[PDB]
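Just one chain is shown here, as structure tokens, and it is the form deposited in one PDB entry.
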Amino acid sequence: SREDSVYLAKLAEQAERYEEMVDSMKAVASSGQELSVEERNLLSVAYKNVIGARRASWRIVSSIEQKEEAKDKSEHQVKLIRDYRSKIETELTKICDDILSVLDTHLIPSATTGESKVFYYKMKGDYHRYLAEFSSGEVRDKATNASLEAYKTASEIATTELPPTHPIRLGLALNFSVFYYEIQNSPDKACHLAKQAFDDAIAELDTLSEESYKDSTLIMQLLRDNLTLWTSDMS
């Protein structure tokens, strides 16, 4: 049953068992049916948490790898770390390819609303960006261009279909600006986008209900936090 899968996804979230949460939402997402706002968020949280753990692991093992590289003798040791990092990289790829195939096959094609289109192309940008984070060469360049194209598509729809305060549109600007800064190494692009998104939203905040206001300003704070961070790095 479908409503049961959703309920179990919610249980799994509370239990912090995110791989199960993914299994349940993937099953739900893999019907013809468009997801509700709640189901979209459940899907997104599930995968965010599953990939997040691996990304966290990858960053740690990477740090260790280059610290052991810099005590040169090593070698058999560095090999063990390399292969371990590679194991984690395989997992990351698999997780990314999983949600990306769900987005390409089920979610993006069945999306009728502007909200849902922006949401899914944003997610597509995110998982290609995760792929770009640890890849090299042709593989990285392909993931980068795919990430950029999906974020651009999301942005074109958001720009025309969603108000500037919409949390989906703000969250897009947040992640897209992060893409620019971290993946493309493009600070001007990143700061311009984050600032424009913040500013555009600031204008219409006084038109929002309490709940909408809370949702928007939470993301707008993340935008300002990144802008704060980036402008101080560049100094």
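All residue numbers are counted from 1 along the displayed sequence.
- Per the PDB record, of the two stretches 165 to 173 and 35 to 43, 35 to 43 carries the greater mean B-factor over its C-alpha atoms.
- Stretches compared: 64 to 72, 181 to 189. Higher mean C-alpha B-factor in the entry: 64 to 72.
- Comparing the listed residues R129, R82, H106, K117, the entry records the largest Cα B-factor for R82.
- Annotation for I157: C-alpha temperature factor in the middle third relative to the rest of the modelled chain, per the entry.
- Among the modelled residues of its chain, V78 has a C-alpha B-factor that falls in the highest third, as given in the PDB entry.
- The entry lists a Cα temperature factor for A27 that places it in the highest third of the chain's modelled residues.
- For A203, the recorded CA temperature factor ranks within the highest third of the chain's modelled residues.
- Among the modelled residues of its chain, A53 has a C-alpha B-factor that falls in the middle third, as given in the PDB entry.
The same protein also exists as the form solved in complex with a partner chain; that form is not shown, yet it is the one meant from here on.
- Although the partner chain is omitted here, in the deposited bound form none of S147, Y180 and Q184 has a heavy atom within 4.5 Å of it.
- The shortest heavy atom separation between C191 and the partner chain in the deposited bound form exceeds 4.5 Å.
- Mapping the unseen interface onto this chain, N41 counts among the residues with a heavy atom inside 4.5 Å of the partner chain in the deposited bound form.
- Contact between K124 and the partner chain in the deposited bound form is not found at the 4.5 Å heavy atom cutoff.
- Though the partner is left out of this view, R129 does reach within 4.5 Å of the partner chain in the deposited bound form, counting heavy atoms only.
- Here the chain stands by itself, but in the deposited bound form one stretch of 26 to 34, 205 to 213, 166 to 174, 192 to 200, 166 to 174, has heavy atoms within 4.5 Å of the partner chain.
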